[PDB]
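# before the rest arrives, take these chains from my complex:
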Amino acid sequence: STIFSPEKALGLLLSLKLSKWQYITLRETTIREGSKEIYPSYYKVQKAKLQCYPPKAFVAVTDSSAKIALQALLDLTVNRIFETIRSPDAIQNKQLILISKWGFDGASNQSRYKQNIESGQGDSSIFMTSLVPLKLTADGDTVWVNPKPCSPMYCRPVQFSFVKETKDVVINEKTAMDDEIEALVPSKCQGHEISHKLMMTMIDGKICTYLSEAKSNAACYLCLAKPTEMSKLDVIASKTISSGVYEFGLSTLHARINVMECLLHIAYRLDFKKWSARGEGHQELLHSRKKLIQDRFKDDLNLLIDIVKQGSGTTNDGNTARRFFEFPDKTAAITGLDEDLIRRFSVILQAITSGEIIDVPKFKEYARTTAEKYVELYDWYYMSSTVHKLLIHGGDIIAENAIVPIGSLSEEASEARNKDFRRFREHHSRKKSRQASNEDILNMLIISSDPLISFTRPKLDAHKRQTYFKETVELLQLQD
């Protein structure tokens, strides 16, 4: 007879970020005072962690990697989700389809243990694939929806290996996942069968240009258009898209930062107005303007702009992208760009990252108007692949992945697990053997992202929704 059910104790251990010693200490220090039954014995929590694991035969953990068979992971994910549904009896005998999004990214700047000289690459950086369930569709009628589709609390890991992400490992992992996705059957939970629809939209431009048939990052992966070809519009409108590439959903996170960098790189060269930095005094005018723009940003908006930092690279952050767009008048006064163009870009990014249903006709109209405005204002600086992919091909990309609103398709989820992965590799693994450390990092990822647990898990409800701009409210489609 315990006051906390071992699963509620597991939720308390996950939300408070406690460790075996810390939980045992909590328990014993509650015992010492005179209230015996307040927490289950850690044995019970170690036993309740087991409901969340896929069977041992499906998970393959070794020194330099840890993978789970995608079919088994999805079986388990659905079996857990059905313990969240209000009344799984209520839904009638109509076929079920779980829509989820998966994708991989590389987390660098890992702490390098001195142990287990293994065989591959040591451990400096991991490259992992994540599968987050977005929605459960019963013949169109949504029965279960992920309340925070970009949160890391539902993002399931498939496999993670200590290999630096390069073109070949990316291609091989994508081929493996495609074979595993083809070869999977609908799961079965309490007589209801669930067919899985997996979209690889948690992805970033580097991996995306890897996957498509396109050689350099200078060209769009959808139109194979060379960098100077992307100025004029008609040659682009007559282009023929490569096949199945809309599956590489518009990356909403990196769009912010990269279009920010595009507007910046236009601001830096406003004194000589050319795309290349080649010439007499081009570099020098560029660098003087660069330093002045950095310092003016620092003064007024109190934020670092394009300064190198260990790990991540630049301190060109997500929140820096938010703040570069928050007040277009101020940012225009600082950089010298046109305020209406920056405002148009902020509106487009709000519409995309909103997570609300977007109307393709009005969005395409907005986007082509914005591209005309851009070419009019700054035609010399050729649009970078992300801002081009955003303006021209954004409408079609939104239209294809219409089942779930784009912006619910964000790679941010996977990026968030980086901040979680370290916190599980440093403080929650057992360091005896590398195999044990990886096995427990994977156990922690599974337990943390379990829908039944992460449903009844304390959290912070302090993010009340923000007010859109005067134009996104027309661009979006609200039902309320």
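Nice, thanks for sending it over. Numbering: from 1, shown residues only, chains lettered A, B, ... in the order given.
# how about the helices of the stretch 201-350 of chain A, start to end?
Using DSSP state H, counting those that start in this stretch, the helices of the stretch 201-350 of chain A run over residues A:205-211, A:234-237, A:252-268, A:282-301, A:318-326, A:328-335, A:339-353.
# of these, which is nearest residue A:410?
Across these, the minimum distance to residue A:410, taken as Cβ to Cβ, is reached by helix A:252-268, at 4.3 Å. (Each C-beta comes from the backbone N, C-alpha and C, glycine too.)
# so what touches the closest one?
In this structure, residues lying in contact with helix A:252-268 by Cβ atoms under 8 Å, 6 or more residues apart in numbering are A:204-205, A:286, A:289-290, A:293, A:305-306, A:316-318, A:320-322, A:324-325, A:335-337, A:341-342, A:345, A:349, A:352-353, A:378, A:381, A:383-384, A:386-387, A:390, A:406-407, A:409-412, A:415.
# give me the buried entries from these.
Listed as buried from the contacts of helix A:252-268 are A:204-205, A:286, A:289-290, A:293, A:305-306, A:316-317, A:320-322, A:324-325, A:335-337, A:341-342, A:345, A:349, A:352-353, A:378, A:381, A:383-384, A:386-387, A:390, A:406-407, A:409-412, A:415; burial here means 16 or more other Cβ atoms under 10 Å.
# residue A:106 - that's part of a strand, no?
Yes: according to DSSP: H, G, I helix; E, B strand; the rest coil, the state of residue A:106 is that of a strand.
# you'd agree it is up against residue A:164?
Yes: the criterion here is Cβ atoms under 8 Å, and residue A:106 meets it with residue A:164 at 7.0 Å.
# quick one, which of the two is more surrounded?
A direct count of neighbours by other Cβ atoms under 10 Å for residue A:106 and residue A:164 places residue A:106 higher, at 18 against 13.
# which ones are touching the more buried one?
Residue A:106 neighbours (Cβ under 8 Å, 6+ apart): A:125, A:126, A:127, A:128, A:164, A:165.
# change it to 7 Å
A:125, A:126, A:127, A:164, A:165 (Cβ atoms under 7 Å, 6 or more residues apart in numbering).
# out of everything not next to it in sequence, what's closest to it?
Excluding the flanking residues, the one nearest residue A:106 by Cβ to Cβ, 6 or more residues apart in numbering is residue A:165, at 3.5 Å.
# include this sequence as chain B:
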Amino acid sequence: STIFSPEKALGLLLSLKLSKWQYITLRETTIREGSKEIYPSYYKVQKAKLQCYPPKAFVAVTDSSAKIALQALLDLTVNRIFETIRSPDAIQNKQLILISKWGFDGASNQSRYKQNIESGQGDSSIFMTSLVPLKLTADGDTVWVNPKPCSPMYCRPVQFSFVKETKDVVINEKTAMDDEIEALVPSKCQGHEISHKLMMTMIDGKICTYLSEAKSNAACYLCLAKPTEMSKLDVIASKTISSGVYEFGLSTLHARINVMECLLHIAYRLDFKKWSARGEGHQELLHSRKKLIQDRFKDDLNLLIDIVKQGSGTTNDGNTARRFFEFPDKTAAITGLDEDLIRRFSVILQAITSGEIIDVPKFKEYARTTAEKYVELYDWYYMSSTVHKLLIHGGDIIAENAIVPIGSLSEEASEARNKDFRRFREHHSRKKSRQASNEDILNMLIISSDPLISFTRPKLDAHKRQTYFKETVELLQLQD
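This next block brings in chain B, placed alongside the chains you saw above:
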């Protein structure tokens, strides 16, 4: 009326590493389950934190720094210490002296916030001063002793500022702290006057050469001995010591790593047998042997040797050294050094870092024998300033600081506080304003290192003992 005393709740908050939200979640979730009282309201803990602060007029927190007047911090430290004494009346009306060790170090590669552009140096690296009480002496008879003299749980902060530790700022803070030590009056705690004796031994060699009357790091700051002179023993024995520099006690942490690195830098160039790598083919042989030794260490002992790390310089950790001295036979066959030299160095390092009383006649004998052995073995590689300070001047700097056994005078604590400072700046500050963030980092340092709290606060004990090498135990002074 409650079950957990607010001070014990505060201990449970500091030990479990809980935040305000996590504590409130703990409390409310325990309430919801039918236990009306198991934890005090977070208001009670916020009010119990105030016991541990020094008065507001002595703590000066600003955007770029936060300091405390030394006399007030010491008043508070003793006032707390007298709350953990077994018997406060049993100590008689006899003079009391608290012997404590203080010193500063710089922690670079901090989290670089984008905020509060205030003029100086931004915030990338802090330079902070620490004061840890070692022992309470009643006319030679100990009443209170710090059970773990290098544990960051007792290390009190004096001041911390966001500036790069450099010769000028180091000299200025040393001058200021010397003045503050001169002007301090004995504290008055419940009819007992406690006079303070502060020794600046938590210090690294770089700061130590900054402070002494010595200009270059390559010279032994005690004897101002140039690196080419440091081979001959008698000539050095003739050298007159700088004034009062014995106060800068033996740095037990860094001496270990620098001895490891001296033995290594002897191993690397074992082929051509000269100090400098200046020559024809010297660089190439040196680097080839260096790569060979690195790979052999990798294979046999599974530890990184002299390859760069991010943020902490090189991958030469304290544990890398402690493993480099675990079995001198292996490392001897690995590098090419003599086994008995490494054995002797490991023995004196156990003697120093043991934290037990040392017999300076036997230690001086052992050290001059080891110097003779080093010269007879390798005369060409001029002893590195740290290993020379360790062998020649080690007996004298031990005998001077004989009141508390050296190794209890260890800078480890200061260094260890870095790992905590980060964990408090990132996870426990309030990020609204830099001034607020520094105020809360300082409050967290104070509370975490409060002797009354950190005494009765749960802790982990698995490191009970490690057996000594035979010559070390013949060198030490055991009393138990």
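# what do you get for the contacts of residue A:106 once chain B is counted?
For residue A:106, the contact set (Cβ atoms under 7 Å, 6 or more residues apart in numbering or on different chains) comprises A:125, A:126, A:127, A:164, A:165.
# what does the stretch 51-200 of chain A have sitting close to chain B?
Selection of the stretch 51-200 of chain A residues close to chain B by Cβ under 7 Å from any Cβ of the partner chain yields A:109, A:112, A:114, A:115, A:116, A:117.
# number of residues surrounding the fourth one?
Residue A:115 has 17 neighbouring residues, counting by other Cβ atoms under 10 Å in any protein chain shown.
# does it count as helix, strand or coil?
Residue A:115 - assigned by three-state DSSP - is coil.
# so the residue of the stretch 151-300 of chain A found nearest chain B versus residue B:119, what's the distance?
Of all residues in the stretch 151-300 of chain A, residue A:298 sits closest to chain B, at 5.4 Å by Cβ to the nearest Cβ. Distance check for residue A:298 against residue B:119: by Cβ to Cβ, to the nearest Å, it reads 12 Å.
# which of the two has more residues huddled nearby?
A count of neighbours by other Cβ under 10 Å puts residue A:298 above the other of residue A:298 and residue B:119, at 16 against 7.
# residues in contact with that one?
Counting by Cβ under 7 Å, 6+ apart, residue A:298 makes contact with residue B:117.
# got a list of what the nearest residue to residue A:455 once chain neighbours are set aside touches?
In space, and not counting its chain neighbours, residue A:455 is closest to residue A:84: 5.0 Å by Cβ to Cβ, 6 or more residues apart in numbering or on different chains. Residues in contact with residue A:84, defined by Cβ under 7 Å, 6+ apart, are A:144, A:451, A:452, A:455.
# just the closest of those to chain B, please.
The nearest member of the contacts of residue A:84 to chain B, counting by Cβ to the nearest Cβ, is residue A:455 at 14.9 Å.
# how many other residues sit next to the closest one?
16.
# just residue A:139 next, same as before
Other residues close to residue A:139 by other Cβ under 10 Å number 11.
# for it, give me phi and psi.
The phi/psi pair for residue A:139 (degrees, to the nearest 10) reads phi 50, psi 40.
# and the residue lying closest to it once chain neighbours are set aside, how many neighbours does it have?
Residue nearest to residue A:139 in three dimensions, not counting chain neighbours: residue A:94, with 4.4 Å by Cβ to Cβ, 6+ apart. Neighbour count of residue A:94, defined by other Cβ under 10 Å: 11.
# go ahead and place DNA strand C:
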DNA sequence: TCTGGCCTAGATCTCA
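To build on what is shown above, here is DNA strand C added in:
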């Protein structure tokens, strides 16, 4: 004509 010794000069170590 041989030969060692002074003397700039910049490349190397050392500590963090």
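# same question on the contacts of residue A:106, but now with DNA strand C added
Residue A:106 makes contacts with A:125, A:126, A:127, A:164, A:165, as judged by Cβ under 7 Å, 6+ apart.
# make it 6 Å
Residue A:106 makes contacts with A:125, A:127, A:165, as judged by Cβ atoms under 6 Å, 6 or more residues apart in numbering or on different chains.
# ok, residue A:251 next?
A:204, A:411.
# let's see that with 8 Å instead.
A:201, A:203, A:204, A:205, A:208, A:410, A:411 (Cβ atoms under 8 Å, 6 or more residues apart in numbering or on different chains).
# do the same with residue A:345
Residue A:345 makes contact with A:259, A:263, A:325, A:370, A:387 under the criterion Cβ under 8 Å, 6+ apart.
# just to revisit the earlier point, from the contacts of residue A:251, which ones fall inside strands?
Using DSSP state E, no member of the contacts of residue A:251 sits in strands.
# any chance you could map the helices in the stretch 51-200 of chain A?
A:70-81, A:167-182.
# any chance of these in CSV, with mean neighbour count and distance to DNA strand C too?
Shown next, in CSV, are these (neighbours: other Cβ atoms under 10 Å in any protein chain shown; distance: least, Cβ to the nearest atom of the strand, whole Å):
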stretch, mean neighbour count, distance to DNA strand C
helix A:70-81, 22, 46
helix A:167-182, 14, 34
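# in the stretch 351-480 of chain A, what residue comes closest to DNA strand C?
residue A:426 (23.1 Å; Cβ to the nearest atom of the strand).
# what's the closest non-adjacent residue to residue A:53?
residue A:446 (6.1 Å).
# just checking, that neighbour touches residue A:157?
Yes: if you go by Cβ under 8 Å, residue A:446 and residue A:157 touch, sitting 7.3 Å apart.
# need the contact list for the residue of the stretch 251-400 of chain A found nearest chain B.
Closest residue of the stretch 251-400 of chain A to chain B, Cβ to the nearest Cβ: residue A:303 (4.2 Å). If you count contacts by Cβ under 8 Å, 6+ apart, residue A:303 has them with A:297, A:320, A:323, A:324, B:114, B:115.
# before we move on, back to that, out of the contacts of residue A:106, which comes closest to residue B:397?
residue A:125 (44.2 Å).
# quick one: contacts for the nearest residue to the closest one once chain neighbours are set aside?
Leaving aside its sequence neighbours, residue A:125 sits nearest to residue A:108 (Cβ to Cβ, 6+ apart; 3.9 Å). Each residue near residue A:108 by Cβ under 8 Å, 6+ apart is listed here: A:124, A:125, A:164, A:311.
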